[PDB]
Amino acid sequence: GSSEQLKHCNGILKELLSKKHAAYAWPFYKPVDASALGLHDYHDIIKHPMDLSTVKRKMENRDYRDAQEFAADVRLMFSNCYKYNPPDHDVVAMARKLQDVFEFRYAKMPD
């Protein structure tokens, strides 16, 4: 719950949104627009949508009180992807790559 730990989270979030990772991060930038994409079963399968723009809003609004709450939202975003999409799908390979970025930097959390 320290300021320092939340700044580490904010750094991770900025990195996930940065051009460095855009080739595989872009499916996670905005909420899944199920209607626009023709995914009429998406909200029957995914109970708690999450995406990086929502994480960013919650960070800016000071919604997150500790790093664990932030990590749970980021991991929820990936979990939704793993739930809705077959494991051999391109978007799942992108999720795995971005989650690799997230988990290895999140592990460097200041104590």
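So that the term is clear: the rigid core is the largest set of C-alpha atoms that superpose within 1.5 Å between two forms. Each residue number is its position in the shown sequence, starting from 1.
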RMS Cα shift after core superposition in 7 other deposited structures of this protein, winner of 82 to 90 and 32 to 40
32 to 40
Mean temperature factor over C-alpha atoms, higher-scoring stretch between 44 to 52 and 82 to 90
82 to 90
72 to 80 or 56 to 64, whichever carries the higher mean Cα B-factor
56 to 64
Split the chain's modelled residues into thirds by Cα B-factor; is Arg105 in the lowest, middle or highest one?
lowest
